[PDB]
Participant: 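This is the structure, below, for whatever I ask next.
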Amino acid sequence: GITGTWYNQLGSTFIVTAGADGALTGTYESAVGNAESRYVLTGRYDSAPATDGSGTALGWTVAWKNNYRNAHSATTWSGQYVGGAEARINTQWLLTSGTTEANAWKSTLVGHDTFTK
Amino acid sequence: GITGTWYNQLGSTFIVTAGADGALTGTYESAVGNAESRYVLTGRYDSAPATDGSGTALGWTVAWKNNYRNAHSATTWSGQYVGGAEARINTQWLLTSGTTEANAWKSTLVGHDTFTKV
Amino acid sequence: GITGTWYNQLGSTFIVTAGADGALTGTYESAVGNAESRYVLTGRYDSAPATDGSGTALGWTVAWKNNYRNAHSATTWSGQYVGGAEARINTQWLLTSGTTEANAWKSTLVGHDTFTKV
Amino acid sequence: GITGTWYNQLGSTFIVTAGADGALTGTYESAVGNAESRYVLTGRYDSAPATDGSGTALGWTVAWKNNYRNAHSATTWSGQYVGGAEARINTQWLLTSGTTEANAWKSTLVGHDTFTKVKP
Ligand SMILES: O=C(CCCC[C@@H]1SC[C@@H]2NC(=O)N[C@@H]21)N[C@H]1CCNC1
Ligand SMILES: O=C(CCCC[C@@H]1SC[C@@H]2NC(=O)N[C@@H]21)N[C@H]1CCNC1
Ligand SMILES: O=C(CCCC[C@@H]1SC[C@@H]2NC(=O)N[C@@H]21)N[C@H]1CCNC1
Ligand SMILES: O=C(CCCC[C@@H]1SC[C@@H]2NC(=O)N[C@@H]21)N[C@H]1CCNC1
C-alpha cells in the first residue's frame, strides 16, 4: 500500500514504511533546492481509512539537516494516498525556513507534489 | 527549548519532546474539530539551528485516529520556534481529509496556529 | 496571451481580459461547489515581465455571490501564465468562507488549479 | 464597514473602497519586501453576508508593479471581515513570483495578515 519507494513530479525519491501503529518512517531525497542525499522523515497516516472509495489521509515532515548540509528549513506534506493499479499520493506542502522576525513574513513556501511508484 | 507543553490560540495542547536526533515525538489535544483526547504526533526540527537570532524550523503531523475517534484526516504544522522572554512556535498548517476523487478539490484546509508556553 | 477562455482540471471556465494597465476582468464558472452560472472576477497581472522565460505573475478574486446564489465565500487564485504552444495558467488558491468565530479555524480551503486553452 | 484605511501586523497600509457591485478597489503599500510606495489592488467581497454572526468573505490582488519598481510577482489575500474587540480583516495570502515551470516549486510564499484601522 503506502509502504515502498515513491517519486514525485520533480523526480524526488520518497522511501517510506507504513507502520501498524499509524507511523510513517523513511528517507526523502529532493531533486531540487538546498538539499543533497537522504534526509530522515517521520509522519502519520490513517491506519483505518473509510471503505467508501475515499483516499487515506497522511502527512510527513523532513527537516533539511543531514550529515552533509543544513538548509535551516522543514517541509511538511499533507495529503492522501489513492490506492489501485496506479497508486498515487496527492499532497500539498509547506516549507518553513528559520528566519529573523523581520523576515518571518517570507519564511514559508507552499506547493503541491504528486507521488507515483 | 522546544521540549514541553505548548498552547495555541484555540486552547489546543501540544506536548512534545525534541530528541538530539532532530526527532519530535508527543501528543496533541485539539480544542476544536472532529477530535477528543490526545493523538500521537511525530515530526522533525533543525537540531543545529542558525545562532543568528533566526527561528528553529520544525514540522509535525497528527493523523486524527486514536482509541476513541477516527476523523479520516491528518494535519501537518510547518513553522519555527523562537526562544526568549516570549517563547513562540509560529506555524501554518494543512489539514487533508480522505476524499473521493470528486471531492479532492475541497480535501485540504489551511490555517495558522501560534503556540506559547503560557 | 492571457485574454480569452481558460479551462481547469475540474472543467471550470475562466473568461478573462488582460488590460494594458495590469487589470484582469472577467467571469468564472465553477464545475464544483456551491456555485452556478458566472461570477464576476477582478485581478491584476505583471504587465511588464522581464522575460518570456519566466511566468507572468497574476492573481484574481471571485466572491461567490451572483443573481442566483450566495455561498458566503471568496476564492483567490495566485499564479503565473506560461505562454506558447502549451499555454498554461498555473495557480494555487485560497477559498475563505464567512464563518462564526467558533468555525474560523476551518474557514479556508487551499488547492491548486492548472488552466489550459483546451 | 470594509471601506477605509487598514494596517496589518507588518505596518503595511491597505486603503480600500467596497462598492455596491461587490467590488474592492484601492491601494496597497507593503512595509516589507521588493516594494516601494503604493500599488493598485482590485478584489471582490460578499455584499450580502450571513446575519448569523458569520464574517464577510473577501479577496484582493496586488501585482507588484508600479511607476517605481516591478517585483514580477503578485499577492492574493483571501479572508473575512469581522467585528470582535474591534473591526478586523483576517486573511491568508499567496505571493507568486515569475519562475521557470521547473522552479515553480519555489514560486509561491504563503502567510497570514490581520488588518485593523490602527496606525502602527
Ligand atoms: O531548499 C530547501 C530545502 C529543500 C526543499 C525541497 C522542496 S520540499 C517541497 C518540494 N518537493 C520536493 O521534492 N522538493 C521541494 N530549503 C530552503 C527554503 C528556503 N531556504 C532553505
Ligand atoms: O476536524 C478534524 C480533526 C481535528 C482538526 C483540528 C485542527 S488541526 C489545525 C487546528 N489547530 C488546532 O489546534 N486544531 C485545529 N478533521 C476534519 C473533520 C472535518 N474538518 C477537518
Ligand atoms: O463552494 C463554494 C463556492 C465555489 C468554490 C469553487 C472552488 S474555487 C477553487 C476550486 N477551483 C474551481 O474551479 N472550483 C473550486 N464555497 C463553499 C466551499 C466551503 N464553504 C464555502
Ligand atoms: O517582495 C515582493 C513584493 C512585496 C511582497 C510583500 C508581501 S505581500 C504579503 C505580505 N503582506 C504584506 O503586507 N507584505 C508582504 N515580491 C518578491 C517575492 C519573491 N520575489 C519577488
Side-chain angles (χ1 to χ4, degrees), chain A residues 57 105-106, chain B residues 7-14 28-36 39 62 64 69 71-77 91 93-98 105-106 108-113 115, chain C residues 7-14 28-35 39 57 62 64 69 71-77 91 93-99 105-113 115, chain D residues 7-14 28-36 39 57 62 64 69-77 91 93-99 106-113 115:
Chain A
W105 65 272
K106 54 172 190 184
Chain B
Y7 311 98
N8 71 13
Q9 72 288 345
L10 291 172
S12 293
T13 297
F14 175 45
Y28 200 91
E29 188 162 1
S30 177
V32 302
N34 192 350
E36 63 191 298
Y39 295 80
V62 170
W64 293 108
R69 192 181 290 237
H72 304 296
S73 51
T75 302
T76 64
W77 294 256
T91 72
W93 53 257
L94 295 171
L95 192 165
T96 306
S97 302
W105 71 271
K106 55 174 169 173
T108 310
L109 294 163
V110 60
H112 49 102
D113 288 354
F115 294 85
Chain C
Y7 307 106
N8 68 18
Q9 75 294 335
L10 299 167
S12 302
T13 304
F14 168 48
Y28 202 98
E29 187 162 12
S30 183
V32 298
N34 191 12
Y39 293 86
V62 173
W64 295 106
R69 192 154 286 272
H72 299 300
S73 45
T75 307
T76 72
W77 290 257
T91 76
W93 52 252
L94 296 171
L95 164 43
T96 310
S97 300
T99 72
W105 70 270
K106 55 171 174 179
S107 70
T108 314
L109 294 157
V110 61
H112 50 95
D113 282 352
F115 298 81
Chain D
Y7 310 84
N8 72 7
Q9 74 286 342
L10 306 169
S12 298
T13 303
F14 170 46
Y28 204 98
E29 188 166 351
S30 181
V32 296
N34 193 10
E36 80 185 86
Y39 297 80
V62 169
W64 298 105
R69 284 210 213 182
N70 194 346
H72 304 299
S73 50
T75 304
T76 67
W77 292 257
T91 69
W93 52 257
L94 291 174
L95 160 50
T96 312
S97 298
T99 69
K106 33 163 203 295
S107 71
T108 310
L109 291 164
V110 57
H112 49 100
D113 287 354
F115 297 86

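The sequence lines fix the lettering, A, B, ..., with proteins before strands; numbering per chain opens at 1. Counting starts at 1 for both ligands and their atoms, in listed order. What you see below is based on every heavy atom in this structure, not just the backbone, and it leaves out hydrogens, waters and symmetry mates.
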Participant: List every atom of ligand 4 that sits less than 4.0 Å from any heavy atom of D/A71, numbering the atoms from 1 in the order shown and giving each element.
Facilitator: 16 (N), 21 (C)
Participant: If only atom types and distance count, is the side chain of C/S12 paired as donor or acceptor with the main-chain N or O of C/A31 below 3.5 Å?
Facilitator: yes
Participant: Is there a heavy atom of D/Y28 sitting under 4.0 angstrom from any atom of ligand 4?
Facilitator: yes
Participant: Nearest 0.5 Å, what's the CH2-OG1 distance between B/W64 and B/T96?
Facilitator: 13.0 Å
Participant: Is it the case that ligand 3 has an N or O less than 3.5 angstrom from some N or O of C/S73?
Facilitator: yes
Participant: Output the list of atoms in ligand 4 that are nearer than 4.0 Å to some heavy atom of D/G33, sorted by atom number.
Facilitator: 1 (O)
Participant: With respect to atom 19 (C) of ligand 4, which of D/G11, D/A35, D/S97 exhibits the smallest heavy-atom separation?
Facilitator: D/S97
Participant: Where is the tightest heavy-atom contact between D/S73 and D/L95, given as atom of each residue plus distance?
Facilitator: CB-CD1, 3.8 Å
Participant: How far apart are the C-alpha atoms of B/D113 and B/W93, what are their side-chain angles, what is the distance that settles it, and do they pass the side-chain hydrogen bond (donor to acceptor under 3.5 Å, both in side chains) test?
Facilitator: CA-CA 7 Å; B/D113 288 354; B/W93 53 257; 3.0 Å; yes
Participant: Near B/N34, which atoms of ligand 2 are under 4.0 Å from a heavy atom of that residue?
Facilitator: 1 (O), 2 (C), 3 (C), 4 (C), 18 (C)
Participant: Give me the one residue out of B/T75, B/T13, B/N8 that meets side chain to side chain donor-acceptor pair (under 3.5 Å) with B/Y28.
Facilitator: B/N8
Participant: Parallel under 30°, tilted from 30 to 60°, perpendicular over 60°: which one fits the rings of B/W77 and B/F115?
Facilitator: perpendicular
Participant: Regarding atom 5 (C) of ligand 4: of the candidates D/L94, D/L95, D/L10, which has the closest heavy atom?
Facilitator: D/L95
Participant: Establish whether atom 21 (C) of ligand 2 and some protein heavy atom are separated by less than 4.0 angstrom.
Facilitator: yes
Participant: Does the side chain of C/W105 come within less than 4.5 Å of B/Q9's, by heavy atoms?
Facilitator: no
Participant: Could you tell me whether D/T75 and ligand 4 have an N or O pair separated by under 3.5 Å?
Facilitator: no
Participant: Under 4.0 angstrom from ligand 2, any heavy atom of B/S30?
Facilitator: yes
Participant: Considering heavy atoms of the protein only, find what lies nearest to atom 9 (C) of ligand 2 and give residue, atom and distance to 0.1 Å.
Facilitator: B/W93 CE2, 3.3 Å
Participant: Give a yes-or-no answer on whether the side chains of C/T76 and D/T76 include a donor-acceptor pair shorter than 3.5 Å.
Facilitator: yes
Participant: Show which atoms of ligand 3 fall inside a sub-4.0 Å distance from at least one heavy-atom site of C/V32.
Facilitator: 6 (C), 14 (N), 15 (C)
Participant: With respect to B/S12, determine whether any N or O atom, backbone or side chain, lies less than 3.5 Å from an N or O atom of ligand 2.
Facilitator: yes
Participant: Could you check if a side-chain atom of D/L10 sits within less than 4.5 angstrom of a side-chain atom of D/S30, using non-hydrogen atoms only?
Facilitator: no
Participant: Would you kindly specify which portion of D/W77 sits under 4.0 Å from ligand 4, judged on non-hydrogen atoms: side chain, backbone, both or neither?
Facilitator: side chain
Participant: Using a 4.0 Å heavy-atom threshold (strictly under), name the region of D/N8 that reaches ligand 4: side chain, backbone, both or neither.
Facilitator: side chain
Participant: Counting only nitrogen or oxygen atoms and a 3.5 angstrom limit, does C/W64 reach ligand 3?
Facilitator: no
Participant: What atoms in ligand 4 come closer than 4.0 Å to a heavy atom of D/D113?
Facilitator: 10 (C), 11 (N), 12 (C), 13 (O)
Participant: State, yes or no, whether a side-chain contact exists between C/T99 and C/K106 at a heavy-atom distance under 4.5 Å.
Facilitator: no
Participant: Less than 4.5 Å apart, any side-chain heavy atom of C/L109 and any of B/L109?
Facilitator: yes
Participant: Could you find the nearest protein heavy atom to atom 7 (C) of ligand 4 and give me its residue, atom name and distance?
Facilitator: A/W105 CZ3, 3.5 Å
